[PDB]
Ligand SMILES: CCOC(=O)c1cn[nH]c1
């Protein structure tokens with residue numbers, strides 16, 4: 161029933177993601193000195209520190225908006241990878257599976273709480 165509960169649930173999931181070794185390449189914005197052509201390929205950079213900062217600033221209205229930004233971290237890695245066998249892309253796929261497994265109940269509970277609110 162709690163329409164605000166998603167925020168702490170997302171904070172806790174972000175904490176789990178930061179402890180995951182698979183999140184290392186994605187914890188901060190991609191370094192343009194390490195990947196000089198990055199912005200030629202990727203239009204909208206995104207990383208987990210930016211997601212956490214947006215959440216903590218009260219700049220997400222719903223968990224769907226947070227989920228769109230986290231999914232952008234993964235689609236950027238898939239677009240930038242030179243190979244479907246690359247180390248960083250392989251880390252993104254495992255981290256995406258972990259994220260999707262945990263965000264599903266957050267989205268469901270929020271949408272159900274919102275439907276109850278507008279009943
Ligand atoms: C973090 C920026 O780099 C990537 O996303 C990447 C690099 N190789 N495969 C994917």
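Residue numbers (the working numbering): 161 to 279. Quick reminder that beta carbons are idealized off the backbone N, C-alpha and C, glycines included.
Excluding its 5 nearest sequence neighbours in each direction, residue 163 has C-beta neighbours in its own chain below 8 Å: 270, 273, 274 and 277, listed in chain order. In its chain, beyond the 5 residues on either side, 239 and 240 have a beta carbon closer than 8 Å to the beta carbon of residue 201. Taken from the Cβ of residue 185, at least one heavy atom of ligand 1 lies inside 7 Å.
By the Cβ test, the stretch 164-176 is in contact with the stretch 201-220, since at least three Cβ pairs between them sit closer than 8 Å. The stretch 188-195 makes no contact with the stretch 228-235: fewer than 3 CB pairs, one atom from each, lie closer than 8 Å.
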